[PDB]
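Peer 1: The structure file my_file-v6.txt (compact mmCIF, C-alpha atoms and all ligand atoms) is provided below.
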# COMPACT_ATOMS: atom_id res chain seq x y z
CA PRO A 23 -0.43 1.01 -36.62
CA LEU A 24 0.06 0.64 -40.40
CA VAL A 25 -0.50 -3.01 -41.27
CA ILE A 26 2.20 -4.40 -43.53
CA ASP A 27 0.96 -7.16 -45.83
CA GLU A 28 2.22 -10.22 -43.94
CA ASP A 29 2.15 -12.64 -46.88
CA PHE A 30 4.20 -10.18 -48.95
CA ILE A 31 6.83 -9.58 -46.29
CA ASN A 32 7.17 -13.28 -45.39
CA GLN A 33 7.71 -14.08 -49.07
CA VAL A 34 10.44 -11.42 -49.31
CA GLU A 35 12.10 -12.63 -46.11
CA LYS A 36 11.77 -16.28 -47.11
CA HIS A 37 13.36 -15.47 -50.47
CA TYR A 38 16.18 -13.52 -48.82
CA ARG A 39 16.79 -16.39 -46.39
CA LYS A 40 16.82 -19.16 -49.01
CA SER A 41 18.50 -17.43 -51.96
CA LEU A 42 20.12 -14.05 -51.23
CA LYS A 43 22.16 -14.34 -48.02
CA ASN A 44 25.42 -15.22 -49.78
CA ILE A 45 25.22 -13.68 -53.26
CA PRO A 46 25.38 -10.08 -54.48
CA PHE A 47 21.91 -8.68 -55.10
CA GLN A 48 19.94 -5.49 -55.51
CA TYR A 49 16.28 -4.67 -55.93
CA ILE A 50 14.36 -1.99 -57.81
CA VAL A 51 10.97 -0.59 -56.85
CA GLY A 52 7.88 0.15 -58.90
CA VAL A 53 4.92 1.91 -57.27
CA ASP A 54 1.56 2.32 -59.05
CA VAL A 55 -0.63 4.89 -57.24
CA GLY A 56 -4.22 4.78 -58.40
CA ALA A 57 -7.01 6.96 -57.06
CA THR A 58 -8.22 4.24 -54.69
CA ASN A 59 -5.37 1.68 -54.46
CA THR A 60 -1.57 1.68 -54.59
CA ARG A 61 0.51 -1.27 -55.83
CA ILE A 62 4.16 -1.81 -54.84
CA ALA A 63 6.37 -4.17 -56.84
CA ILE A 64 9.83 -5.27 -55.70
CA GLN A 65 12.06 -6.72 -58.42
CA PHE A 66 15.27 -8.40 -57.27
CA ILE A 67 18.39 -8.34 -59.46
CA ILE A 68 21.30 -10.78 -59.31
CA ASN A 69 24.35 -11.39 -61.52
CA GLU A 70 24.77 -7.60 -61.93
CA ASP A 71 21.73 -7.15 -64.20
CA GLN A 72 19.56 -10.33 -64.34
CA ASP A 73 15.92 -10.20 -63.23
CA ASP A 74 15.38 -12.45 -60.21
CA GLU A 75 12.02 -12.76 -58.42
CA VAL A 76 9.36 -10.03 -58.30
CA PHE A 77 7.01 -9.58 -55.32
CA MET A 78 3.93 -7.34 -55.19
CA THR A 79 1.36 -6.11 -52.73
CA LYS A 80 -1.35 -3.48 -52.70
CA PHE A 81 -3.21 -1.38 -50.15
CA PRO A 82 -6.23 0.94 -50.17
CA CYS A 83 -5.22 4.60 -50.19
CA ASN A 84 -6.90 7.84 -51.19
CA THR A 85 -4.96 10.62 -49.39
CA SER A 86 -1.44 11.94 -49.82
CA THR A 87 -0.66 11.66 -46.10
CA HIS A 88 -1.61 7.97 -45.97
CA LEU A 89 0.38 7.26 -49.13
CA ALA A 90 3.47 8.91 -47.66
CA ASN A 91 3.09 6.94 -44.42
CA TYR A 92 2.61 3.63 -46.20
CA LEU A 93 5.64 4.17 -48.44
CA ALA A 94 7.77 5.02 -45.40
CA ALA A 95 6.57 1.88 -43.61
CA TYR A 96 7.24 -0.36 -46.63
CA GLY A 97 10.71 1.14 -46.98
CA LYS A 98 11.54 0.27 -43.38
CA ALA A 99 10.14 -3.25 -43.72
CA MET A 100 12.21 -3.90 -46.87
CA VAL A 101 15.42 -2.70 -45.19
CA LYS A 102 14.58 -4.91 -42.21
CA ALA A 103 13.83 -7.86 -44.51
CA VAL A 104 16.88 -7.79 -46.81
CA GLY A 105 19.32 -5.47 -45.05
CA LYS A 106 19.40 -2.44 -47.38
CA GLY A 107 17.44 0.00 -49.51
CA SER A 108 16.59 -0.28 -53.18
CA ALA A 109 19.01 0.51 -55.98
CA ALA A 110 16.35 2.60 -57.79
CA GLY A 111 12.64 3.33 -57.66
CA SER A 112 9.94 4.64 -59.95
CA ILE A 113 6.51 5.86 -58.90
CA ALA A 114 3.53 6.53 -61.18
CA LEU A 115 0.61 8.63 -59.93
CA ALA A 116 -2.92 9.31 -61.21
CA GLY A 117 -2.50 13.04 -61.69
CA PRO A 118 -0.60 15.70 -63.62
CA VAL A 119 3.08 15.83 -62.70
CA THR A 120 4.23 19.45 -62.46
CA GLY A 121 7.85 19.67 -61.35
CA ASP A 122 8.26 18.35 -57.81
CA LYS A 123 4.61 17.62 -57.08
CA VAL A 124 1.64 15.72 -58.37
CA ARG A 125 -1.96 16.62 -57.52
CA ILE A 126 -3.65 13.22 -57.51
CA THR A 127 -6.86 14.29 -59.22
CA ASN A 128 -9.30 11.82 -57.65
CA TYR A 129 -7.74 11.50 -54.21
CA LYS A 130 -9.80 13.18 -51.50
CA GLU A 131 -9.70 16.87 -52.37
CA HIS A 132 -8.46 18.02 -48.96
CA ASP A 133 -5.26 15.97 -49.27
CA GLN A 134 -4.31 15.19 -52.86
CA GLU A 135 -0.92 16.92 -53.25
CA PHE A 136 2.02 14.54 -53.09
CA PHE A 137 5.53 15.97 -53.22
CA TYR A 138 8.80 14.51 -54.45
CA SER A 139 10.21 15.04 -50.95
CA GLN A 140 7.68 12.59 -49.46
CA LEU A 141 9.37 9.63 -51.19
CA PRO A 142 11.38 7.46 -48.75
CA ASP A 143 15.03 7.27 -49.84
CA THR A 144 14.92 3.60 -48.77
CA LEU A 145 12.76 2.89 -51.85
CA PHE A 146 13.61 5.92 -54.04
CA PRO A 147 17.35 6.60 -53.60
CA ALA A 148 18.45 10.09 -54.59
CA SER A 149 19.28 10.61 -58.29
CA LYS A 150 17.92 7.09 -58.99
CA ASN A 151 14.17 7.70 -59.20
CA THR A 152 11.44 8.95 -61.54
CA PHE A 153 8.18 10.79 -60.83
CA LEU A 154 5.68 9.64 -63.48
CA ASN A 155 2.01 10.04 -64.41
CA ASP A 156 0.04 6.78 -64.31
CA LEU A 157 -0.94 6.75 -67.98
CA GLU A 158 2.56 7.94 -68.91
CA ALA A 159 3.93 4.88 -67.11
CA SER A 160 1.49 2.62 -68.99
CA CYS A 161 2.88 4.05 -72.22
CA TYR A 162 6.41 3.03 -71.20
CA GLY A 163 5.04 -0.40 -70.37
CA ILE A 164 3.41 -0.58 -73.81
CA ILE A 165 6.62 0.53 -75.54
CA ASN A 166 8.51 -2.14 -73.63
CA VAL A 167 6.08 -4.93 -74.53
CA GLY A 168 6.30 -3.66 -78.12
CA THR A 169 10.11 -3.92 -78.06
CA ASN A 170 9.73 -7.52 -76.89
CA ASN A 171 7.44 -8.22 -79.89
CA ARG A 172 4.37 -8.92 -77.76
CA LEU A 173 2.13 -5.90 -78.42
CA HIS A 174 -0.20 -8.04 -80.56
CA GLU A 175 -0.66 -10.37 -77.58
CA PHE A 176 -2.32 -7.55 -75.62
CA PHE A 177 -4.03 -5.41 -78.30
CA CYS A 178 -6.01 -6.11 -81.47
CA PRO A 179 -7.64 -3.82 -84.04
CA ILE A 180 -10.97 -2.72 -82.63
CA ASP A 181 -12.80 -4.54 -85.45
CA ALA A 182 -11.05 -7.92 -85.05
CA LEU A 183 -14.13 -10.14 -84.73
CA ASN A 184 -12.04 -13.00 -83.27
CA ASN A 185 -9.36 -10.83 -81.56
CA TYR A 186 -6.81 -11.96 -84.16
CA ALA A 187 -3.67 -9.83 -84.20
CA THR A 188 -0.10 -10.24 -85.46
CA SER A 189 3.23 -8.45 -85.26
CA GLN A 190 2.34 -7.03 -88.69
CA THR A 191 -1.12 -5.65 -87.81
CA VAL A 192 -0.39 -4.40 -84.27
CA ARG A 193 3.03 -2.80 -83.81
CA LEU A 194 4.67 0.48 -82.85
CA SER A 195 6.49 2.21 -85.70
CA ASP A 196 9.35 4.44 -84.61
CA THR A 197 8.29 6.94 -87.31
CA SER A 198 4.70 7.25 -86.00
CA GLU A 199 2.79 8.60 -83.01
CA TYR A 200 -0.01 6.98 -81.06
CA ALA A 201 -2.58 8.19 -78.56
CA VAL A 202 -3.28 6.02 -75.52
CA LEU A 203 -6.51 6.32 -73.52
CA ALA A 204 -7.67 4.28 -70.53
CA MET A 205 -11.01 4.67 -68.72
CA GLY A 206 -11.06 3.67 -65.06
CA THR A 207 -11.60 5.84 -62.02
CA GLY A 208 -10.40 8.61 -64.35
CA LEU A 209 -9.79 9.11 -68.05
CA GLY A 210 -6.06 8.72 -68.66
CA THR A 211 -4.59 9.99 -71.91
CA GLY A 212 -1.10 10.26 -73.40
CA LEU A 213 1.00 10.20 -76.55
CA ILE A 214 3.62 7.69 -77.64
CA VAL A 215 6.06 9.43 -80.02
CA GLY A 216 8.49 7.54 -82.21
CA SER A 217 12.04 8.59 -83.06
CA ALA A 218 14.04 6.99 -85.87
CA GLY A 219 16.37 4.46 -84.29
CA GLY A 220 13.79 2.56 -82.27
CA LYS A 221 13.54 5.15 -79.48
CA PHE A 222 10.10 6.17 -78.18
CA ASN A 223 9.17 9.13 -76.01
CA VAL A 224 5.93 9.67 -74.06
CA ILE A 225 4.04 12.97 -73.79
CA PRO A 226 1.75 13.10 -70.73
CA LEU A 227 -1.69 14.58 -71.36
CA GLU A 228 -4.68 15.64 -69.30
CA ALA A 229 -7.19 15.42 -72.16
CA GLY A 230 -9.59 13.75 -69.74
CA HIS A 231 -10.21 17.23 -68.30
CA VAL A 232 -10.97 19.23 -71.43
CA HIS A 233 -14.60 20.22 -71.85
CA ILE A 234 -17.03 18.19 -73.95
CA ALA A 235 -18.49 20.05 -76.91
CA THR A 236 -22.14 19.70 -77.86
CA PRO A 237 -22.91 18.18 -81.31
CA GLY A 238 -24.30 20.22 -84.19
CA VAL A 239 -27.81 21.63 -83.83
CA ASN A 240 -29.21 19.52 -86.72
CA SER A 241 -27.33 16.30 -85.93
CA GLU A 242 -29.45 13.20 -85.39
CA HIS A 243 -29.60 13.09 -81.58
CA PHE A 244 -28.83 16.76 -80.87
CA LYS A 245 -31.66 17.29 -78.37
CA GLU A 246 -30.73 14.34 -76.19
CA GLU A 247 -26.96 14.93 -76.41
CA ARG A 248 -27.37 18.54 -75.34
CA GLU A 249 -29.88 17.62 -72.64
CA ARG A 250 -27.36 15.17 -71.17
CA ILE A 251 -24.51 17.70 -71.33
CA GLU A 252 -26.64 20.27 -69.50
CA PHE A 253 -28.13 17.73 -67.06
CA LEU A 254 -24.60 16.71 -66.04
CA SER A 255 -23.35 20.32 -65.77
CA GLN A 256 -26.20 20.92 -63.31
CA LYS A 257 -25.65 17.68 -61.41
CA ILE A 258 -21.87 17.67 -61.05
CA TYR A 259 -21.11 21.40 -60.80
CA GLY A 260 -24.42 23.07 -59.96
CA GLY A 261 -24.11 24.45 -63.50
CA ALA A 262 -21.12 26.63 -62.56
CA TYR A 263 -18.94 24.72 -65.06
CA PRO A 264 -19.47 22.54 -68.14
CA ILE A 265 -18.51 18.86 -67.99
CA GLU A 266 -15.12 17.34 -68.76
CA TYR A 267 -14.63 14.17 -70.77
CA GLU A 268 -13.88 12.42 -67.46
CA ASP A 269 -17.37 13.29 -66.19
CA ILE A 270 -18.69 10.71 -68.68
CA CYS A 271 -15.57 8.58 -69.34
CA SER A 272 -14.98 7.16 -65.86
CA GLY A 273 -16.55 4.92 -63.26
CA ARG A 274 -18.48 7.78 -61.68
CA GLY A 275 -19.24 9.08 -65.17
CA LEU A 276 -20.86 5.80 -66.18
CA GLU A 277 -23.04 6.13 -63.08
CA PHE A 278 -23.92 9.72 -64.00
CA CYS A 279 -24.90 8.54 -67.48
CA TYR A 280 -27.20 5.90 -66.00
CA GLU A 281 -28.81 8.50 -63.75
CA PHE A 282 -29.49 10.62 -66.84
CA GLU A 283 -31.11 7.65 -68.64
CA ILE A 284 -33.43 6.86 -65.71
CA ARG A 285 -34.21 10.46 -64.71
CA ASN A 286 -37.87 10.26 -65.82
CA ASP A 287 -38.55 6.70 -64.68
CA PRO A 288 -40.03 6.88 -61.14
CA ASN A 289 -39.44 3.16 -60.63
CA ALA A 290 -35.80 3.00 -61.69
CA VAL A 291 -33.02 2.81 -59.11
CA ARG A 292 -29.47 4.06 -59.65
CA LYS A 293 -26.70 1.52 -60.25
CA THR A 294 -22.98 1.35 -59.60
CA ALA A 295 -20.52 1.33 -62.48
CA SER A 296 -20.00 -2.41 -61.97
CA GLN A 297 -23.72 -3.22 -61.99
CA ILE A 298 -24.18 -1.17 -65.18
CA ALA A 299 -21.33 -2.94 -66.98
CA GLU A 300 -22.76 -6.32 -65.95
CA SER A 301 -26.42 -5.77 -66.79
CA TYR A 302 -26.51 -3.91 -70.13
CA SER A 303 -27.99 -7.06 -71.76
CA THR A 304 -31.13 -6.98 -69.60
CA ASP A 305 -31.38 -3.28 -68.66
CA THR A 306 -31.87 -0.91 -71.60
CA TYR A 307 -30.89 2.04 -69.41
CA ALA A 308 -27.56 0.31 -68.74
CA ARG A 309 -27.02 -0.39 -72.45
CA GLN A 310 -27.67 3.26 -73.26
CA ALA A 311 -25.37 4.42 -70.45
CA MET A 312 -22.64 2.06 -71.69
CA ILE A 313 -23.13 3.33 -75.26
CA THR A 314 -22.78 6.93 -74.06
CA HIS A 315 -19.72 6.07 -71.92
CA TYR A 316 -17.88 4.47 -74.85
CA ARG A 317 -19.15 6.97 -77.48
CA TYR A 318 -17.47 9.81 -75.60
CA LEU A 319 -14.31 7.74 -75.25
CA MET A 320 -14.31 7.68 -79.08
CA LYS A 321 -14.86 11.45 -79.12
CA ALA A 322 -11.96 11.92 -76.69
CA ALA A 323 -9.73 9.93 -79.05
CA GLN A 324 -11.11 11.84 -82.04
CA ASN A 325 -10.31 15.10 -80.24
CA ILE A 326 -6.68 14.01 -79.74
CA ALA A 327 -6.35 12.79 -83.34
CA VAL A 328 -7.57 16.17 -84.66
CA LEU A 329 -5.33 18.03 -82.24
CA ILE A 330 -2.24 15.92 -83.10
CA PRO A 331 -1.84 15.79 -86.91
CA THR A 332 0.87 13.07 -86.83
CA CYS A 333 -1.29 10.76 -84.67
CA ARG A 334 -1.55 7.51 -86.66
CA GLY A 335 -3.12 5.07 -84.17
CA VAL A 336 -5.00 5.02 -80.90
CA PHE A 337 -4.87 2.35 -78.18
CA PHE A 338 -7.88 1.93 -75.90
CA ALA A 339 -6.18 0.43 -72.85
CA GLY A 340 -6.91 -0.63 -69.31
CA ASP A 341 -8.45 -3.55 -67.45
CA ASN A 342 -11.92 -2.03 -67.81
CA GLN A 343 -11.50 -2.04 -71.58
CA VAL A 344 -10.73 -5.76 -71.39
CA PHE A 345 -13.68 -6.39 -69.07
CA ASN A 346 -16.13 -4.57 -71.39
CA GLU A 347 -14.92 -6.27 -74.59
CA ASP A 348 -18.21 -8.08 -75.27
CA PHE A 349 -20.16 -4.83 -75.02
CA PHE A 350 -17.55 -3.01 -77.12
CA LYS A 351 -17.59 -5.63 -79.90
CA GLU A 352 -21.41 -5.80 -79.89
CA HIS A 353 -21.62 -2.02 -80.47
CA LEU A 354 -18.55 -1.76 -82.72
CA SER A 355 -20.48 -0.15 -85.58
CA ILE A 356 -21.82 2.64 -83.33
CA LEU A 357 -18.39 3.32 -81.86
CA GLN A 358 -16.57 3.39 -85.22
CA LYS A 359 -19.11 5.86 -86.56
CA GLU A 360 -18.63 8.06 -83.50
CA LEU A 361 -14.84 7.99 -83.96
CA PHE A 362 -14.61 8.48 -87.73
CA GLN A 363 -17.74 10.38 -88.83
CA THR A 364 -18.76 12.97 -86.23
CA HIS A 365 -16.16 15.69 -87.01
CA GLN A 366 -16.01 18.00 -89.99
CA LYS A 367 -12.28 17.09 -90.15
CA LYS A 368 -13.09 13.38 -90.69
CA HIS A 369 -10.90 13.32 -93.80
CA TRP A 370 -7.95 13.90 -91.43
CA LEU A 371 -8.88 10.72 -89.54
CA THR A 372 -9.55 8.26 -92.39
CA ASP A 373 -6.30 6.33 -91.83
CA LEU A 374 -6.35 6.39 -88.02
CA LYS A 375 -5.81 2.84 -86.73
CA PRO A 376 -7.69 2.08 -83.46
CA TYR A 377 -6.73 -0.83 -81.17
CA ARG A 378 -8.36 -2.29 -78.07
CA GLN A 379 -6.72 -4.11 -75.19
CA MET A 380 -7.77 -7.77 -75.14
CA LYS A 381 -5.69 -9.17 -72.25
CA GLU A 382 -5.26 -7.79 -68.74
CA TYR A 383 -1.76 -6.53 -67.92
CA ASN A 384 -0.35 -3.94 -65.52
CA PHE A 385 1.50 -1.74 -68.00
CA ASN A 386 1.89 0.91 -65.24
CA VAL A 387 4.01 -1.31 -62.98
CA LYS A 388 5.86 -2.62 -66.04
CA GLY A 389 6.77 0.89 -67.15
CA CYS A 390 7.83 1.81 -63.60
CA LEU A 391 10.09 -1.21 -63.18
CA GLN A 392 11.75 -0.65 -66.57
CA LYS A 393 12.39 3.01 -65.74
CA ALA A 394 13.85 1.99 -62.37
CA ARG A 395 15.95 -0.62 -64.16
CA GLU A 396 17.45 2.05 -66.42
CA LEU A 397 18.09 4.38 -63.48
CA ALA A 398 19.81 1.58 -61.57
CA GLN A 399 22.54 1.50 -64.27
CA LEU A 400 23.19 -2.19 -63.67
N1 LIG B 501 -16.72 -2.75 -66.27
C1 LIG B 501 -16.63 -1.47 -65.89
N2 LIG B 501 -16.78 -0.51 -66.83
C2 LIG B 501 -16.57 0.77 -66.48
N3 LIG B 501 -16.21 1.26 -65.29
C3 LIG B 501 -16.08 0.29 -64.38
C4 LIG B 501 -16.29 -1.07 -64.59
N4 LIG B 501 -16.07 -1.78 -63.42
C5 LIG B 501 -15.73 -0.86 -62.55
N5 LIG B 501 -15.71 0.41 -63.07
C6 LIG B 501 -15.27 1.63 -62.39
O1 LIG B 501 -13.95 1.91 -62.81
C7 LIG B 501 -13.17 2.39 -61.69
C8 LIG B 501 -12.06 1.41 -61.39
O2 LIG B 501 -11.25 1.25 -62.58
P1 LIG B 501 -9.81 0.54 -62.54
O3 LIG B 501 -9.20 0.32 -63.87
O4 LIG B 501 -9.96 -0.80 -61.81
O5 LIG B 501 -8.86 1.46 -61.64
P2 LIG B 501 -8.04 2.81 -61.83
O6 LIG B 501 -8.85 3.92 -62.28
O7 LIG B 501 -6.90 2.54 -62.90
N6 LIG B 501 -7.32 3.09 -60.39
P3 LIG B 501 -7.82 2.67 -58.90
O8 LIG B 501 -8.87 3.56 -58.45
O9 LIG B 501 -6.61 2.74 -57.89
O10 LIG B 501 -8.36 1.17 -58.92
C9 LIG B 501 -14.17 2.59 -60.55
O11 LIG B 501 -14.69 3.91 -60.57
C10 LIG B 501 -15.24 1.55 -60.87
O12 LIG B 501 -16.49 1.88 -60.27
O1 LIG B 502 -6.02 7.68 -63.89
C1 LIG B 502 -6.42 8.25 -65.13
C2 LIG B 502 -6.29 9.77 -65.16
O2 LIG B 502 -7.19 10.30 -64.17
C3 LIG B 502 -7.27 11.73 -64.23
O3 LIG B 502 -8.26 12.25 -63.41
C4 LIG B 502 -5.92 12.32 -63.87
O4 LIG B 502 -6.01 13.74 -63.90
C5 LIG B 502 -4.88 11.81 -64.86
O5 LIG B 502 -3.59 12.32 -64.53
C6 LIG B 502 -4.88 10.28 -64.88
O6 LIG B 502 -3.98 9.81 -65.88
So that I can check it, write out the structure of this file as structure tokens.

Peer 2:
Amino acid sequence: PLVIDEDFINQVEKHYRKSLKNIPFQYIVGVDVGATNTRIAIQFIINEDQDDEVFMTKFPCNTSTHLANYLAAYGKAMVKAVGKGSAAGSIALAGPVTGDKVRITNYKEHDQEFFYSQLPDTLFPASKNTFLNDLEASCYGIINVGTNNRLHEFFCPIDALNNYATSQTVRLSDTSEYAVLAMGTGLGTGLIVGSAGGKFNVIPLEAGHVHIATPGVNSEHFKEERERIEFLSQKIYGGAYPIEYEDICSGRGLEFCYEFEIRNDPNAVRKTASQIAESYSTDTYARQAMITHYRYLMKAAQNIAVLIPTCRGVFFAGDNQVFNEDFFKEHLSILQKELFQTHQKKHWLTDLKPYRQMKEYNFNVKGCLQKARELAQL
């Protein structure tokens, strides 16, 4: 009763039939589990270690049970299509990885725990798999693009008026550390950490779930900032808890911000995150909600840069960042001031280099496939 993507499976079978019946081959698996959709990538390998074709599909999923069932079904279809299981598999999930489980933060709350044991061995063979956080996987994808000297094709300095970037102005130094943040359904955060010798490690973070502090009592917009922080505590938690960065820096958080802006307008109607991002030019409430949404993204990055004294750069990543580039560039001055000026430790941040993604790319799946490639020991 689980519908396999027919186009995907026919492509895999057609490729097996035309190209793989009489040569040695393997395949590695990369799975990108977001809060509302999961992507599966199959990368074939021939000639011991050469990339062959990659095939991808995606399905709606927001419970752990459904995710386990879909992965089991895709494992059986793959074995049926090409005659054997994968050589290695990597899965990245939108939650904190603690040992042998992940709690997928924005899956339905009654069924968000996914365990290592729910991986099908057909796609994740024993001792040949990794359990990753989604933003952690993006970091490995970013490292890998950096190694291939293409980081400046996907990111530019936030103040690049014409998106100009070079291998000199956008690069990863193996003696530096970088924060990565990506606003989507949730606020993903992580650290890329260099080691002399060109090696990079990734530190997973859950900074999207630390509490937002209120600005100083004599700061310019104190009254409104505090009013919003209290309004949202009431709305999201009944006031039992204060808000996290993700309660503003997310799709649902953008919608909450808009509802705050329109709260005293009896004629205003709430808008979805998409409608807000599309209509900020003609709807001043949407502009203000967008400004708030991205201002607190800057504060989240500022919080990490104060927390991590060796943090030298920050990458604002994700497809949403690319989609909102016009808004971001039009309000650059406001967002730089938020990042660099609104902390008494601003002199610690003077040299922080911020970058924004300027081309769509699935760094998650890229990180997964590279991790699986290493595990496969080709
Ligand atoms: N331009 C936009 N700006 C901000 N948020 C947006 C925008 N468009 C959509 N959203 C919201 O952002 C979320 C989707 O972000 P996206 O990057 O596509 O996915 P994700 O968080 O990485 N994972 P997934 O839920 O599986 O798609 C939803 O909550 C949308 O309502
Ligand atoms: O998807 C972005 C982020 O969403 C958050 O709610 C999760 O807790 C993180 O683990 C994830 O990286």

Peer 1: Would you work out the distance separating atom CA of residue 293 of chain A from atom CA of residue 131 of chain A, expressed in Å to one decimal?

Peer 2: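 That distance, rounded to one decimal, is 24.2 Å.
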
Peer 1: Which of these, A:197, A:65, A:211, A:272, has the shortest distance to residue 145 of chain A once you count all atoms listed in the file?

Peer 2: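 When distances to residue 145 of chain A are compared using all atoms listed in the file, the smallest one comes from A:65.
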
Peer 1: With distances taken over all atoms listed in the file, which residue among A:294, A:223, A:386, A:358 lies nearest ligand LIG 502 (chain B)?

Peer 2: A:386

Peer 1: Any chance you could tabulate, as CSV, the residues of chain A at most 8 Å from ligand LIG 501 (chain B) with each one's nearest atom pair and distance in Å to one decimal, using all atoms listed in the file, in chain and rising number order?

Peer 2:
residue,atom,partner,partner_atom,distance
A:55,CA,B:LIG501,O9,6.4
A:56,CA,B:LIG501,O9,3.2
A:57,CA,B:LIG501,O8,4.1
A:58,CA,B:LIG501,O8,3.9
A:59,CA,B:LIG501,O9,3.8
A:60,CA,B:LIG501,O9,6.1
A:82,CA,B:LIG501,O9,7.9
A:116,CA,B:LIG501,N6,7.7
A:204,CA,B:LIG501,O7,7.9
A:205,CA,B:LIG501,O3,6.8
A:206,CA,B:LIG501,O2,3.5
A:207,CA,B:LIG501,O6,3.4
A:208,CA,B:LIG501,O6,5.4
A:209,CA,B:LIG501,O6,7.8
A:272,CA,B:LIG501,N3,6.1
A:273,CA,B:LIG501,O11,3.4
A:274,CA,B:LIG501,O11,5.5
A:276,CA,B:LIG501,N3,6.6
A:294,CA,B:LIG501,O12,6.5
A:295,CA,B:LIG501,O12,4.6
A:296,CA,B:LIG501,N4,4.2
A:297,CA,B:LIG501,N4,7.9
A:298,CA,B:LIG501,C1,7.6
A:299,CA,B:LIG501,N1,4.7
A:300,CA,B:LIG501,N1,7.0
A:340,CA,B:LIG501,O3,6.0
A:341,CA,B:LIG501,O3,5.3
A:342,CA,B:LIG501,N1,5.1
A:343,CA,B:LIG501,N2,7.3
A:345,CA,B:LIG501,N1,5.5
A:346,CA,B:LIG501,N1,5.5

Peer 1: At a cut-off of 6 Å around ligand LIG 502 (chain B), and using only C-alpha atoms and all ligand atoms, what residues come up? Please write them as a ChimeraX atom specification.

Peer 2: /A:116-118,127-128,156-157,208-210,228

Peer 1: Given the selection you just returned, output its residues as a file containing C-alpha atoms, formatted as a CSV table (one decimal), keeping the file's coordinate frame.

Peer 2:
chain,number,residue,atom,x,y,z
A,116,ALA,CA,-2.9,9.3,-61.2
A,117,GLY,CA,-2.5,13.0,-61.7
A,118,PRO,CA,-0.6,15.7,-63.6
A,127,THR,CA,-6.9,14.3,-59.2
A,128,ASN,CA,-9.3,11.8,-57.6
A,156,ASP,CA,0.0,6.8,-64.3
A,157,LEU,CA,-0.9,6.8,-68.0
A,208,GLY,CA,-10.4,8.6,-64.4
A,209,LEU,CA,-9.8,9.1,-68.0
A,210,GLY,CA,-6.1,8.7,-68.7
A,228,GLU,CA,-4.7,15.6,-69.3

Peer 1: Mind giving me the straight-line distance from atom CA of residue 349 of chain A to atom CA of residue 302 of chain A in Å, one decimal?

Peer 2: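 Between these atoms lies a distance of 8.1 Å.
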
Peer 1: Using only C-alpha atoms, which of A:384, A:139, A:188, A:399 sits nearest residue 61 of chain A?

Peer 2: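 Going through A:384, A:139, A:188, A:399 one by one, the smallest distance to residue 61 of chain A is for A:384.
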
Peer 1: Write out as a VMD selection string each polymer residue whose atoms come within 10 Å of residue 33 of chain A, counting all atoms listed in the file; drop sequence neighbours fewer than 6 positions from it.

Peer 2: chain A and resid 39 77 to 78 103

Peer 1: Find, counting all atoms listed in the file, the residue in A:291, A:387, A:203, A:99 that gets nearest to residue 320 of chain A.

Peer 2: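 Result for the nearest residue to residue 320 of chain A: A:203.
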
Peer 1: Please report, as JSON, the centre and edge lengths in Å to one decimal of an axis-aligned box covering all listed atoms of segment 205-210 of chain A with 5 Å per side.

Peer 2:
{"center_x": -8.8, "center_y": 6.4, "center_z": -65.4, "size_x": 15.5, "size_y": 15.4, "size_z": 16.7}

Peer 1: Rank nothing, just name the residue among A:366, A:310, A:79, A:190 nearest to residue 237 of chain A, using all atoms listed in the file.

Peer 2: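 Distance minimum relative to residue 237 of chain A lands on A:366.
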
Peer 1: Nearest to residue 250 of chain A: which of A:314, A:91, A:198, A:217 is it, counting only C-alpha atoms?

Peer 2: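 Using only C-alpha atoms, the shortest distance to residue 250 of chain A belongs to A:314.
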
Peer 1: Need the shell around residue 31 of chain A: protein/DNA/RNA residues with any atom at most 12 Å away, counting only C-alpha atoms. Skip same-chain ones fewer than 6 positions apart. Format as a PyMOL selection string?

Peer 2: chain A and resi 25+37-38+62-64+77-79+95-104

Peer 1: For residue 113 of chain A, work out the shell of residues within 8 Å, counting all atoms listed in the file and skipping chain neighbours fewer than 6 positions away, then give it as a list in words.

Peer 2: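 Once the adjacent positions are removed, what remains is residues 52, 53, 54, 55, 151, 152, 153, 154 and 390 of chain A.
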
Peer 1: May I have the residues within 10 Å of residue 350 of chain A as a list in words, using only C-alpha atoms and disregarding those fewer than 3 positions away in the same chain?

Peer 2: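 Near residue 350 of chain A, the qualifying residues are residues 180, 181, 312, 313, 316, 343, 344, 345, 346, 347, 353, 354, 355, 356, 357 and 378 of chain A.
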
Peer 1: Would you mind listing what lies within 8 Å of residue 233 of chain A as a PyMOL selection string, with all atoms listed in the file counted and same-chain residues fewer than 2 positions away left out?

Peer 2: chain A and resi 231+235+264-267

Peer 1: Figure out the distance between atom CA of residue 109 of chain A and atom CA of residue 221 of chain A, please, to one decimal in Å.

Peer 2: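 Between atom CA of residue 221 of chain A and atom CA of residue 109 of chain A the gap is 24.6 Å.
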